[PDB]
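Q:
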Amino acid sequence: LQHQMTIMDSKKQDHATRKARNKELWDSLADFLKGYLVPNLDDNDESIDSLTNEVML
Amino acid sequence: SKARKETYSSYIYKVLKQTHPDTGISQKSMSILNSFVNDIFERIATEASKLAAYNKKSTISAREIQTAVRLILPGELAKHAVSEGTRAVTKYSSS
Amino acid sequence: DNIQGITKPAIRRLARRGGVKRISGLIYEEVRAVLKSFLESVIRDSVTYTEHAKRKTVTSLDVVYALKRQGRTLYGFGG
Amino acid sequence: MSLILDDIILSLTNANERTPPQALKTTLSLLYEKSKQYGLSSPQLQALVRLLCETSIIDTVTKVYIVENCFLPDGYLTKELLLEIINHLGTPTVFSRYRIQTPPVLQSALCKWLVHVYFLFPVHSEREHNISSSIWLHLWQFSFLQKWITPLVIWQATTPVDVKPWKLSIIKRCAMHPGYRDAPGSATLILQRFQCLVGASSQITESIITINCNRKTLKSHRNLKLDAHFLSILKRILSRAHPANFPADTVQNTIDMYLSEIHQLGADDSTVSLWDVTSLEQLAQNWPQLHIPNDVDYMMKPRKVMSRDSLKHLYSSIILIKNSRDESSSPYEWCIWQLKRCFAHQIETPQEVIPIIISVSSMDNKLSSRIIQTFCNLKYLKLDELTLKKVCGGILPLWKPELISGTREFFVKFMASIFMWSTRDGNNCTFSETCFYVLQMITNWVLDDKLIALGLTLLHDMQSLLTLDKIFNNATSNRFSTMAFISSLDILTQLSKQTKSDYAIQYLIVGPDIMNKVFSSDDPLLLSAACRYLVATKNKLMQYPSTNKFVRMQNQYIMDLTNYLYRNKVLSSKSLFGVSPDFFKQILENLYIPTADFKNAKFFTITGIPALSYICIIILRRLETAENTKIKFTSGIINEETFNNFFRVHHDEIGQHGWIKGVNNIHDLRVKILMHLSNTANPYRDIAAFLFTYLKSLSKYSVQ
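So the protein sequences, as listed, match chains A, B, C and D. As numbered in the UniProt record's numbering, residues 121 to 136, 140 to 180 make up the first sequence, in order. As numbered in the UniProt record's numbering, residues 34 to 128 make up the second sequence, in order. As numbered in the UniProt record's numbering, residues 25 to 103 make up the third sequence, in order. As numbered in the UniProt record's numbering, residues 1 to 268, 285 to 318, 328 to 451, 454 to 731 make up the fourth sequence, in order.
(1) Return the CA-CA distance between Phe439 of chain D and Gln371 of chain D, expressed in angstroms with no decimal places.
(2) Quick one: what's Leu603 of chain D bridged to in DSSP?
(3) Starting from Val288 of chain D, follow its DSSP beta bridges and name the residues at the other end.
(4) Mind pulling the chain C residues with CB within less than 7 Å of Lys61 of chain B?
(5) So that I know if they touch, is there some Cβ in chain C lying closer than 9 Å to that of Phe74 of chain B?
(6) Compare the Cα-Cα distances from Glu434 of chain D to each of D:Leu486, D:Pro572 and D:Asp540 and report the closest residue.
(7) Just how far apart, CA to CA, sit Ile233 of chain D and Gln37 of chain D?
(8) Of all the residues that make up the stretch 84-100 of chain C, which are near chain B by a beta-carbon distance shorter than 9 Å?
(9) Please list the terminal residues of the continuous alpha helix (DSSP H) segment that includes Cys174 of chain D.
(10) Say whether the stretch 398-412 of chain D touches the stretch 437-451 of chain D, bearing in mind that this needs 3 or more beta-carbon pairs closer than 8 Å, one atom from each stretch.
(11) List, in order along the chain, the chain C residues whose C-beta lies closer than 7 Å to that of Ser64 of chain B?
(12) Only counting the same chain, and skipping five residues up and downstream in sequence, which positions put a Cβ closer than 7 Å to that of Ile541 of chain D?
(13) Give the secondary structure of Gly663 of chain D by DSSP, where H, G and I count as helix, E and B as strand, and everything else as coil.
(14) Straight-line CA distance for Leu392 of chain D to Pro422 of chain D?
(15) Kindly indicate which three-state DSSP category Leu31 of chain D falls into: helix, strand or coil?
(16) Mind checking if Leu121 of chain A is an interface residue toward chain D, Cβ cutoff 9 Å exclusive?
(17) For the alpha helix (DSSP H) containing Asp74 of chain D, list its first residue and its last residue.
(18) Using 9 Å as the threshold, is the C-beta distance between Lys167 of chain D and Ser133 of chain D below it?
(19) Would the beta-carbon of residue 325 of chain D fall within 9 Å of that of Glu84 of chain D?
(20) How do the stretch 87-104 of chain B and the stretch 8-23 of chain D stand: do at least 3 beta-carbon pairs fall below 8 Å, yes or no?
(21) According to DSSP, simplified to helix, strand and coil, what is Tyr314 of chain D?
(22) Spell out whether any CB of chain D is found under 9 Å from the CB atom of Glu64 of chain C.
(23) Terminal residues of the continuous alpha helix (DSSP H) containing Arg37 of chain C?
(24) Is the stretch 49-66 of chain D touching the stretch 222-236 of chain D in the sense that three or more CB pairs, one from each, lie closer than 8 Å?
(25) Is there at least one Cβ from chain D nearer than 9 Å to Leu59 of chain C's Cβ?
(26) Give the interface partners of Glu126 of chain D over in chain G, defined as CB-CB distance under 8 Å, in chain order.
(27) Establish whether the CB of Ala175 of chain D and some CB of chain A are separated by less than 9 Å.
(28) How about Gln301 of chain D: is its C-beta nearer than 9 Å to some C-beta of chain A?
(29) Taking only the alpha-carbon atoms, compute the straight-line gap between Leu725 of chain D and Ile381 of chain D and give it to the nearest angstrom.
(30) If you drop the 5 nearest sequence neighbours on each side, which residues of the same chain put their C-beta closer than 6 Å to that of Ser508 of chain D?
(31) Which residues, taken in chain order from the stretch 146-167 of chain A, show a beta carbon closer than 7 Å to some beta carbon of chain D?
(32) Helix, strand or coil: which one does DSSP assign to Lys404 of chain D?
(33) Could you confirm whether any beta carbon from chain C is found closer than 9 Å to the beta carbon of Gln252 of chain D?
(34) In angstroms, rounded to a whole number, what distance separates the CA positions of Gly95 of chain C and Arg76 of chain B?
(35) Go ahead and label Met179 of chain A buried or exposed: buried means 16 or more other beta carbons lie within 10 angstroms of its beta carbon, across all protein chains shown.
(36) Secondary structure at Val55 of chain C, three-state DSSP: helix, strand or coil?
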């Protein structure tokens with residue numbers, strides 16, 4: 121047990140539901156585009172959300 | 034200061050000189066011959082002891098040694114070995 | 025570390041002494057493994073003899089005694 | 001120690017644009033020696049690896065050198081450091097053109113570093129490994145570092161799940177891609193590694209034969225060349241930082257088997289049932305996934330060995346670890362149900378059930394409290410006396426109740442039930460035997476600091492019941508009663524020796540008129556305990572005043588005992604054991620003696636007491652054999668009338684040899700036998716030891 125608790129915890133690290144994660148996964152991809160990828164796209168000659176909405180779809 | 038090494042070196046050298054005097058011996062060959070003689074003697078002695086112990090024979094004699102050497106040495110050399118050994122023992126008894 | 029230290033020209037010379045004319049790649053570390061196995065087999069009994077003798081050095085008498093116990097008798101080293 | 005190493009990394013970070021001629025080199029020179037000496041722990045590496053890419057003032061030639069030499073980690077180097085390296089890894093593009101590009105050669109050198117220390121990587125939580133494995137595969141597509149992550153990718157992916165067709169397509173396409181020059185060599189080992197994971201995989205052998213090479217380079221690509229100097233220092237660094245952790249022999253071995261895996265490529285709550293559990297090492301990995309099939313027949317009916334039956338008794342214990350123990354637990358109910366059957370004899374036979382349940386009930390004192398409290402009844406004794414006796418020897422002395430601290434009142438009623446059971450029965456001696464186990468339990472209460480007074484109060488009620496006419500007697504009684512009582516006196520004697528227990532002294536002090544029973548009873552072993560208790564008691568009670576109930580009864584005991592033993596002046600005294608001496612006189616004239624010279628002096632002495640009468644003769648006969656005198660002592664009892672008559676008859680022969688040397692008369696004789704009795708080791712050495720201190724005449728010869 122002492123050797124196991126040194127490895128602890130594999131399960132708690134993941135825990136710290141799948142449907143809830145799916146919404147977060149969509150939101151994580153949504154926020155990544157608007158913050159980093161869309162500004163690097165520098166298209167539409169100016170765009171923050173209109174270009175972002177196109178790449179979400 | 035050193036306890037003497039118990040070898041057959043002088044007798045092996047004497048045998049070689051009796052055969053022919055021109056050549057000599059190297060140290061590695063000398064060690065090889067000494068080891069071979071010791072191994073053969075150990076084999077024959079162990080065989081004689083085991084054979085004597087089998088027939089609850091308390092002693093070791095010429096018959097036991099001859100049987101042991103016949104067991105160990107193959108027959109081709111064994112014939113000459115037993116002939117020469119019998120000659121030696123009979124002549125020693127005569128002396 | 026030194027298992028690879030045994031260099032492949034030495035194995036080449038061993039193969040040439042054996043009598044082959046063609047060499048593959050697997051035989052190199054196969055020879056290394058078989059040498060390691062033979063060495064460990066001899067060394068275990070050599071160390072056993074040395075430790076029983078209460079001496080803390082290994083001698084030619086001990087190694088030839090271990091070899092003879094294995095059955096591969098070695099000549100020319102005394103004893 | 002490591003704080004200065006932090007400053008050295010911070011020194012290269014605090015100052016920028018300075019461009020010194022040699023100050024920058026000296027700081028790097030100081031980093032060369034400090035990195036190997038102190039290990040460059042994981043937080044230091046994360047700041048360092050970020051500093052190399054952030055600042056381009058240092059040339060990429062020395063950036064590779066410090067990665068090759070300074071990067072000798074002693075820390076845990078968790079995924080946070082690897083993630084920072086992953087951030088450094090990559091290539092500039094249109095989206096990342098603003099971000100500064102790290103040198104590809106530095107990336108290859110960085111990719112070379114974690115391969116050497118992959119063995120030090122954390123045991124993953126199998127949640128971010130899928131992200132990391134995909135990240136490493138995506139990073140593997142870069143050619144300048146493809147040759148170094150390829151041995152890595154072989155390592156972290158060990159499962160059929162990690163062998164994913166989308167990963168197969170990427171690896172195969174790179175080999176099929178023309179502009180790599182190293183992917184076909186790199187992909188072949190990865191495909192071979194993926195082959196041994198999933199199995200046959202006829203799809204993976206058709207890809208290898210398409211991308212196969214002359215395989216001399218593959219043989220060189222199978223071999224991974226790790227710097228021996230890098231690993232030799234790493235072994236020393238790891239051992240020094242963490243003693244008894246990351247041993248040097250295993251660190252070299254762990255790298256070797258990781259290297260040998262690459263060489264082998266050329267040649268080649286989740287429910288787990290407790291029924292199938294066999295290995296405790298597997299159970300350690302199975303501990304989060306342990307599940308117990310609820311079967312009552314097995315989990316108590318069948328160690329250092331390895332087997333399913335090795336964890337047999339542990340099965341009944343790990344469930345108490347898996348879930349909290351309760352009165353409704355099936356193992357806790359099986360014992361009671363089996364116990365209920367055994368008393369009623371509904372079971373086949375109770376003899377084999379007892380040892381197993383006793384061992385279980387020996388521990389788990391809170392559970393044993395339930396068992397003892399319900400089966401300690403008068404009715405449960407009627408069914409069978411032996412089965413109640415058997416369970417009294419197992420769980421009584423090992424029980425320490427702390428649930429309510431009010432179980433004392435239940436015992437006095439229940440203990441008297443066995444005694445009353447023994448009265449009308451007419454003896455069985457089962458009462459005294461059952462008391463001895465309780466006395467053992469009482470000492471367990473005494474040993475505990477809590478309820479010290481509660482246990483002592485229970486002990487006192489035992490002595491009153493044990494000192495009754497029917498159970499204890501000098502005419503008709505059993506050795507069981509006396510042997511139970513002698514153990515009680517040792518408990519109080521041992522309690523006097525202990526100074527860490529500040530108890531009530533009236534509990535230690537025994538009753539005034541209860542000592543007349545033990546003193547009057549002529550049991551030689553019993554009298555030995557009284558002398559030990561009296562001597563030990565006088566060690567205490569020294570700060571008490573001259574006038575006090577406790578100290579007056581103690582001095583009364585000393586005076587009465589010596590008068591009854593050696594003083595031989597009971598008639599001149601005012602009382603003896605609460606009895607006036609003139610009562611003793613009246614019996615004496617009614618008694619008849621054929622020749623009564625000194626009638627009063629014979630009865631009351633060490634030799635005249637029946638308890639020590641014959642043992643006195645035994646010692647004398649030993650003396651006569653050793654000295655080998657002329658005349659032996661023919662009489663069977665030693666007293667004044669026999670001694671002088673023995674000397675008067677042989678008065679002619681007394682003058683030349685007399686008797687054993689060193690003795691002139693009976694008065695000298697009575698001590699000489701006691702000197703031997705005190706010299707040898709025997710139960711009645713304690714009798715002579717007590718008499719030495721309070722004989723004032725012989726105390727003079729002792730020092731102080």
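A virtual CB, placed ideally from N, CA and C, is assigned to each residue, including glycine.
A: Taking the geometry as given:
(1) 26 Å
(2) D:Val606
(3) D:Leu306
(4) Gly100
(5) no
(6) D:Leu486
(7) 10 Å
(8) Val88, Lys92, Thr97, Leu98, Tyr99 and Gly100
(9) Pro165 to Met176
(10) yes
(11) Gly100, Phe101 and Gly102
(12) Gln490 and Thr494
(13) coil
(14) 15 Å
(15) helix
(16) yes
(17) First-last for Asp74 of chain D: undefined, no H or E at that position.
(18) yes
(19) The model contains no atoms for residue 325 of chain D, which sits in the stretch where chain D goes from 318 to 328 directly.
(20) no
(21) coil
(22) no
(23) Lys32 to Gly42
(24) no
(25) no
(26) Included in the structure are the protein chains A, B, C and D, with no chain G among them.
(27) no
(28) yes
(29) 59 Å
(30) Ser459, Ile498 and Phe499
(31) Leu160 and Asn163
(32) helix
(33) yes
(34) 14 Å
(35) exposed
(36) helix
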